[PDB]
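Take a look at this single chain, the form deposited in one PDB entry, given in C-alpha cells.
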C-alpha cells in the first residue's frame, strides 16, 4: 500500500483496518468511501485512487491487449459435455451465471457439482499465459444457502464418483445459511473477509438468489423497495466476480406467464448468462441458454444421476 502516492505507513494501517488491502479495491473506490476512513482527507483519497488506477494500469486498451484481458477469464466444467459447450467452455469467472427453472430441475444439484468440480484441477480451464497456476491454487468455494438445501451427503457422493476426496471438498467449501435477504446480502459482502484471511475464493454460489426477497417484499406496492435491494446485492456479486476473478453462480425460481425467472428487470440486467433448466424424461434435463453477451442461444442435454451432473 505504501507504494501508492500520498500513502505512508500510518495511512496504510488505516486502510488495511478499513478493509482496503488490495490495489484494485482502492482503484475502484470512491473518494467518499475512503474519506469515510478516519484520517483520510479528500485529496489523499483522490490521490491514492488515481495512483492505484495507474499501478493497475486501468486506462484505454486496444488491439491485442483486448484479447489479453479476455484471457484472464478461466472457466469451471459442469461435468456435462453439452453444457460446457453451450457455455463456450464452462462457467466463466468474472461473470454471474444464473440457472432458473421449475422445482426439481437440478439447480441445487448444479451448485453442489460446481463445489465438487472446483476441487479437480483439471476441471478449471484457463490460459496459463494469462492465468498462473498460483492464481487458481488451493481454490475454495462459498455456498450461500438461502433455502437450507445444502447437503454434505451429496457433496461426498458427487466427489466419490468424480474420483475426488469428499472430505477435501467439504474442507474447502464455506457454507453460510441465510434465513432472510439481510443475512444473504451480508454474507455475500463478507466474502472479501474470507479472501483477506488467505482463502482463495474462486467460486461463489447463491442458492436461491430471489426466494428471500420475494417472501419479504410481497406487496407490489413495495416492489421498488425489493428491486433496489436486489440491485445492490447483484452489484456486490458482479464486483466480487471481477475483483477476485471467480465464478459466481446463482439459482432462481420461476413463475407462470411460459415460465420466466423471477426477480424482475434488475436480475435480468445484472446476470451475465441466463439459463432455463427443464426436465426431460426421467433423469434427462435440458439447460437452455437464453441470454449472454457473446454466445448464441442454445440447448444442452444432460442428466442428473447418483454421480451428479453427467453426459
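We call the rigid core whatever largest set of C-alpha positions still superposes within 1.5 Å between the two forms. Positions refer to the first chain, counted from 1.
- Of the other structures of this protein that model both sides of residue 259, a third or more give it no coordinates.
- Gap check for residue 281 to residue 282: zero deposited residues are absent from the model.
- 31-39 and 240-248 differ in mean CA B-factor, and the higher of the two is recorded for 31-39.
- 218-226 and 171-179 differ in mean CA B-factor, and the higher of the two is recorded for 218-226.
- The entry assigns its greatest Cα B factor, within the set 95, 85, 212, 196, to 196.
- Annotation for residue 136: C-alpha temperature factor in the highest third relative to the rest of the modelled chain, per the entry.
- Compared with the other modelled residues of the chain, the Cα B-factor recorded for residue 164 ranks in the highest third.
- Among the modelled residues of its chain, residue 290 has a C-alpha B-factor that falls in the lowest third, as given in the PDB entry.
- Residue 272: CA B factor in the lowest third of modelled residues in this chain (values from the PDB entry).
- Sort the modelled residues of the chain by CA B factor and residue 130 lands in the highest third.
The protein also exists as the form deposited in another entry; that form is not presented, and the subsequent description refers to it.
- After superposing the rigid core, the Cα of residue 284 is displaced by less than 2 Å between this form and the one not shown.
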